[PDB]
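Structure assessment
Given next are the chains, with one letter for each unit.
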Protein chains: 2
Amino acid sequence: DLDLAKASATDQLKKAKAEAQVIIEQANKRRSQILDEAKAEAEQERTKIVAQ
Amino acid sequence: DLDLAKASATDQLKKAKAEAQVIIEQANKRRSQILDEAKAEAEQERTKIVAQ
């Protein structure tokens, strides 16, 4: 057990490091989607305000 | 060893959960700003064409 205890601790920490980082990565991908959609909405609004 | 590794991963996971918020809740005020800047852009554009 003295061996497999550290085995499981290390293999747990690995998974933590992996999926926390995918959380943070997806947060910024979601950002990018939101910000570029905001670009599109901005242009669309300008198109109306000028024609007005 | 296992207890310590689990606590250490646990705090990192808290930080992942919090920064998934920080990123997109910044991205949201920026989504707002990107379009509310376009409001000013097109309003000044309209006013300029009308003045001309």
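Below or above, wherever it landed, is the structure these notes cover. (Residues numbered from 1 in each chain as written, not as in the entry; some residues may be left out. Chains lettered and ligands numbered in written order. Part of a larger assembly, values for the part shown. Heavy atoms only, no water.)

Moving on: the relation of the copies chain A and chain B. Mapping chain A onto chain B calls for a rotation angle of 174 degrees and an axial translation of 8.1 Å; the resulting RMSD is 1.0 Å. The overlap is high: 81% of the interface residues of chain A also sit at the interface in chain B, so the same surface is used on both sides. (Least-squares fit on C-alpha atoms. Contact = heavy atoms within 4.5 Å.)

This part covers the pattern of salt bridges. For the coordinates displayed, the defined rule picks out 4 salt bridges over all chains. A salt bridge links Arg46 of chain A to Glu45 of chain B; the shortest N-O distance between them is 3.0 Å. Of this pair, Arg46 of chain A sits in helix α1 (residues 2-51) while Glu45 of chain B sits in helix α1 (residues 2-51), which puts the two residues in different chains. The exposure class of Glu45 of chain B is partly exposed, given its relative accessible area of 34%. The closest approach of N and O atoms between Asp11 of chain B and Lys15 of chain B, which form a salt bridge, is 3.0 Å. (Salt bridge = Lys/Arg side-chain N within 4 Å of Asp/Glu carboxyl O. Helix = DSSP H or I, 4+ residues; strand = E, 2+ residues; numbered from the N terminus. Buried < 20%, exposed > 50% of the residue type's maximum accessible area, 1.4 Å probe, protein only.)

Turning to the environment of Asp1 of chain B, a few remarks are in order. Along the chain, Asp1 of chain B turns up in the segment before α1. As for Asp1 of chain B and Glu43 of chain B, which are separated by 42 residues in sequence, their C-alpha atoms are 63 Å apart.

On the surface, a cluster of negative charge is contributed by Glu43 of chain A together with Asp36, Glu37 and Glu41 of chain B. Using a relative accessible area of 47% as the deciding quantity, one classes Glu43 of chain A as partly exposed. (Patch = residues over 30% accessible without salt bridge, like charges linked within 9 Å, V, L, I, M, F, W, Y side chains within 5 Å. Areas by Shrake-Rupley, 256 points an atom, 1.4 Å probe, with all protein chains shown as cover. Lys, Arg positive; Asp, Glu negative; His and termini not counted. Charge placed at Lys NZ, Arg CZ, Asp CG, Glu CD.)

We now examine α1 of chain A. Relative to the 74 Å expected for 50 residues at 1.5 Å per residue, α1 of chain A spans 75 Å between its end C-alpha atoms, a close match to the ideal helical length. All of the buried residues along α1 of chain A are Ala5, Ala9, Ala16, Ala20, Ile24, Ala27, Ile34, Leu35, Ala38, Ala42 and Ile49 of chain A. In this structure, the buried side of α1 of chain A is in contact with α1 of chain B. (Expected span 1.5 Å × (residues − 1).)

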